[PDB]
């Protein structure tokens, strides 16, 4: 989308063209991966599941003693302002990135910070029709594991992403699009950047999320499934259960439900019936005037 060349990026309250959207080399985010972020989608004038995203950011920031320096409402207003300044109402997404701040000297220690969080919001136009993603993802189960929370709590949506990127790198070399990752016990946990679901015998299966990002999209699809009386098995399941699944798909804010066409070269039919049903339910939900979605105000 050619219009992406002319977007303004929010950087510490300045609206800046992409080629000039910059942060100090001393920023905690650049030096140390020291920050938390959220991606949100804008559909028909509404930021999808906005509060759920902001809640995860406030929880993640709290866990790393990172002062966001704004109330929830103010942080929301950053995103709102970024969409308004770009004239975006629909078919957009934004990545809100909050890093500890600019450091007196590049090192890990958070006490060496000049106070004031770095706040960046990258808003962009995008789009993809439901059976145009007809291209299922190929998944490869990486040898690199999800961590337990005494090592690194994967509920944290952080700027420290090498633990996930490394699994993706391995999956790419296996000819896959995305890594599936096991938890420390060997049960299926999640993909490197999306949550993983299987369909077995009319039932929806996904991990407990004890060892992966608990995506807002994952949460929404679970809820939609239960509300529709689809049985949901949220708990420990294996690669054997995946290879024998009827369908599989991944979830995340950027693409919604993406069908999976194979796992470790084991074929699954992309876009099976239950994927189709849940996708329709999700598409309806994100387009509705549901109170979970924050209506973008008109400009002043």
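Residue numbers count along the first chain shown, from 1.
In the PDB record, does 15-23 or 286-294 carry the higher mean Cα temperature factor? Stretch with the higher mean C-alpha B-factor: 286-294.
Taking the recorded C-alpha temperature factors, which stretch has the higher mean, 121-129 or 161-169? Looking at the recorded C-alpha B-factors, 121-129 comes out higher on average.
Looking at 224, 179, 97, 151, which one carries the largest C-alpha B-factor according to the PDB entry? If I rank 224, 179, 97, 151 by C-alpha B-factor, first place goes to 224.
Out of 146, 198, 228, 191, which shows the largest CA B-factor listed in the entry? When the deposited C-alpha B-factors of 146, 198, 228, 191 are compared, 228 is largest.
State the tercile, meaning the lowest, middle or highest third, of residue 262 with respect to the CA B-factors recorded for its chain. For residue 262, the deposited C-alpha B-factor lands in the middle third.
What third of the chain, by the recorded C-alpha B-factor, contains residue 183? According to the entry, residue 183 has a C-alpha B-factor in the chain's lowest third.
Classify residue 209 as lowest, middle or highest third according to the C-alpha B-factor given in the PDB entry, relative to its own chain. CA B-factor rank for residue 209: middle third.
Taking the values exactly as deposited, rank residue 220 by C-alpha B-factor within its chain and report the matching third: lowest, middle or highest. It belongs to the middle third of the chain when residues are ordered by C-alpha B-factor.
Ranking the modelled residues of this chain by C-alpha B-factor as given in the entry, is residue 80 in the lowest, middle or highest third? Lowest third, going by the recorded CA B-factors of the chain.
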